[PDB]
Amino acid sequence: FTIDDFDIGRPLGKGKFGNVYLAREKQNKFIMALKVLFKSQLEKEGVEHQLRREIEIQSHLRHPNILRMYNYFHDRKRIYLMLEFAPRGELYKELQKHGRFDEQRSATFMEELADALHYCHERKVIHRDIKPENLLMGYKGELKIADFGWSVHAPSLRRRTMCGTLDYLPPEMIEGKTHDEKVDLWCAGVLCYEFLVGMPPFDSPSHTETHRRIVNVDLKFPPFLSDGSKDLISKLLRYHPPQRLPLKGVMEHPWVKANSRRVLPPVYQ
C-alpha cells in the first residue's frame, strides 16, 4: 500500500507522533482510520522498539472487540497504520458525557472486554493497561480495545515492569512483585466500578494514598450499586492474583448474563 491508495477525509484526532485520519481506500471504497507517525519524531523519542512490539501484537489479533490493524506501510518520512474505524469514537468521552453508565451498558462492555481479553490470554498476550481511555466504540457501540502500548507477549516468564495507569495499578505492581496475566483481571474490576460509578474505586488526593488504598483493597461501594454488580467487582478486585475471577467467569457471571445486550457484528460472508 501507499498513501495514494486512499482518499483522505478529515482528521479524527492528534496523536503524539502524528494525526489519525478518516480515510477511504480507493479501490474498495472501504472506510478506515489511517494513523500517521513521523519517523524522525519516533527516533528522537527512542520509541522504535516499543512501536515495533505494539504493531507486532495488534496486527496479529483478530477479534470483534479488538480494534483491527488491517496492514501498514511507510514512505520516506511517515509510518502509516491502517486501522479499523470506530464510528462512535472514544469510550472515555461517552463516560464523561453521561457521568456513569447504567447496568445494561456496563454489563455489555464487561462481556465484550472479557471476551477480548480471553482471546488475548489464550495467546499469552497481557494487555496491562485496560482503562476507558484505551477503548473505542463500534457502530452499534461495541467495545474495541484500541491501545496496546503496554501489552506484552509473555509465554513463560513472569514480568516485573511497573506499567499501566495509577488508579488501575494492581497491588502486585505497587509492591514490586512479579506479575502475570492476572493483572488484566484486576484492571477489569476497576473498569467495571468506574463504568457504574464514574470514578475509580481508589481515587485519592495523592499517589501514596491511592497506592495505600489499592494494596489494602479499600473498596467502598456506593449505595446505589446493585448486589450483582458489587458481586462481580468484588470477585475481580482480589488482593491475591490467583483468587481473582477468571475471564470466563466474568462472561458467565449472573449479573453479566442478566444485563448484557452484547451483539456480535456481522462478518464476511
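The term rigid core refers to the most C-alpha atoms you can superpose between the two forms while keeping them within 1.5 Å. The first residue of the sequence shown is number 1, and the count goes up from there.
- Once the rigid core is used to overlay the structures in 6 other deposited structures of this protein, the stretch among 50 to 58 and 229 to 237 whose CA atoms lie farther from this form is 50 to 58.
- Just going by the entry, 127 to 135 versus 98 to 106 on mean CA temperature factor gives the higher value to 98 to 106.
- When the mean C-alpha temperature factors of 185 to 193 and 81 to 89 are read from the deposited coordinates, 81 to 89 comes out higher.
- Take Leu236, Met32, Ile57, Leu219 and read off each C-alpha B-factor from the entry; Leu219 has the highest.
- Note on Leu113, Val152, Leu157, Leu169: the highest value goes to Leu157, judged by CA B factor as recorded.
- Ranked within its chain, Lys16 lands in the highest third, by CA B factor from the PDB record.
- Compared with the other modelled residues of the chain, the Cα B-factor recorded for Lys39 ranks in the middle third.
- Looking at the C-alpha B-factors along this chain, the one for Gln27 belongs to the highest third.
- For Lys248, the recorded CA B-factor ranks within the middle third of the chain. Only modelled residues enter the ranking.
- Ranked against the other modelled residues of its chain, the C-alpha B-factor of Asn65 as given in the entry falls in the lowest third.
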